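Input: a single structure, listed below in structure tokens.
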Amino acid sequence: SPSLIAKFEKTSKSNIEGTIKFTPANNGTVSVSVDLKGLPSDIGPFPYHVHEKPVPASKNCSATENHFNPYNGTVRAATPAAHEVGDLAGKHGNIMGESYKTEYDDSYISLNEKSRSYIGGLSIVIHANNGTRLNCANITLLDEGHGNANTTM
Numbered sequence: 027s028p029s030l031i032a033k034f035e036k037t038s039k040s041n042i043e044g045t046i047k048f049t050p051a052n053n054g055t056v057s058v059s060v061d062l063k064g065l066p067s068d069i070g071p072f073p074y075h076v077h078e079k080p081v082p083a084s085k086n087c088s089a090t091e092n093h094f095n096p097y098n099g100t101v102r103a104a105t106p107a108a109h110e111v112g113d114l115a116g117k118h119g120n121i122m123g124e125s126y127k128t129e130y131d132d133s134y135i136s137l138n139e140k141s142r143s144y145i146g147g148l149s150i151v152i153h154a155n156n157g158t159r160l161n162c163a164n165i166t167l168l169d170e171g172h173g174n175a176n177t178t179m
């Protein structure tokens with residue numbers, strides 16, 4: 027299953043830029059690497075989630091609809107597995123600060139296209155602490171080249 031990436035860009039709407047990368051890991055989990063700057067810290071900390079629809083060409087973060095929650099889960103929970111699949115921040119911590127870099131494994135999202143919990147083609151939205159949507163990015167393929175006879179450049 028191929029690696030994915032969400033690339034955040036700076037616009038008049040938001041100074042948030044950087045990447046969230048998804049790579050398949052050892053324990054049948056997905057390794058998530060967050061590298062962001064330009065955050066408006068004073069209205070944080072910043073919840074972030076996989077949302078159910080793509081970011082349209084307009085860059086309207088509202089158009090991504092709700093959290094990707096195919097397995098009906100809870101907002102706050104005792105165990106990470108009880109959180110919504112797309113609820114990255116709930117399981118792993120909100121983004122904090124003006125710059126934020128972190129790495130963790132998520133056991134719930136999937137890189138396998140044939141999987142229900144597949145997050146390819148969806149979106150990530152970063153929210154202010156009050157829920158306001160600040161910036162968003164589509165989750166797209168990282169590597170250019172695939173197949174068992176191919177290499178990637």
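So the number in the authors' numbering is just where the residue sits in the sequence shown, counting from 1, plus 26. Ideal Cβ positions, reconstructed from N, Cα and C, are used throughout, including at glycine.
| message | For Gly112, count the other beta carbons within 10 Å of its own beta carbon; 16 or more makes it buried, fewer makes it exposed. Which is it? | response | Answer is buried; the Cβ neighbour count reaches 16.
| Can you list, in chain order, the residues of its chain whose CB lies under 6 Å from that of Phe34, leaving out five sequence neighbours each side? | If we look at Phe34 and ignore the five residues flanking it on each side, its Cβ neighbours are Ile42, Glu43, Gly44, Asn161, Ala163.
| request: Taking all protein chains shown into account, decide if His153 is buried (16 or more other Cβ within 10 angstroms of its Cβ) or exposed. | output: Residue environment: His153 is assigned as buried (16 or more neighbouring CB atoms within 10 Å of its CB, all protein chains considered).
| task | Go ahead and label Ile69 buried or exposed: buried means 16 or more other beta carbons lie within 10 angstroms of its beta carbon, across all protein chains shown. | result | Result: exposed.
| said: Between the segment 48-56 and the segment 115-132, can you find at least three pairs of beta-carbon atoms closer than 8 Å? | reply: Output reads yes: the segment 48-56 touches the segment 115-132.
| Between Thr158 and the rest of its own chain, which residues show a CB-CB distance below 6 Å, the 5 nearest in sequence each way excluded? | The answer is none, since no qualifying residue turns up.
| query | Between which two residues does the alpha helix (DSSP H) harbouring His153 extend? | reply | Where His153 is concerned, there is no enclosing alpha helix (DSSP H), although the beta strand (DSSP E) it sits in stretches over 149-153.
| query | When DSSP labels each residue in this structure, what does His172 get in the three-state scheme? | reply | In the structure shown, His172 sits in coil (DSSP, three-state: anything other than H, G, I, E or B).
| message | Measuring alpha carbon to alpha carbon, tell me which residue in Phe72, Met122, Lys39, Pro82 is nearest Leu148. | response | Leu148 has its Cα closest to that of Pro82, out of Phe72, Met122, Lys39, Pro82.
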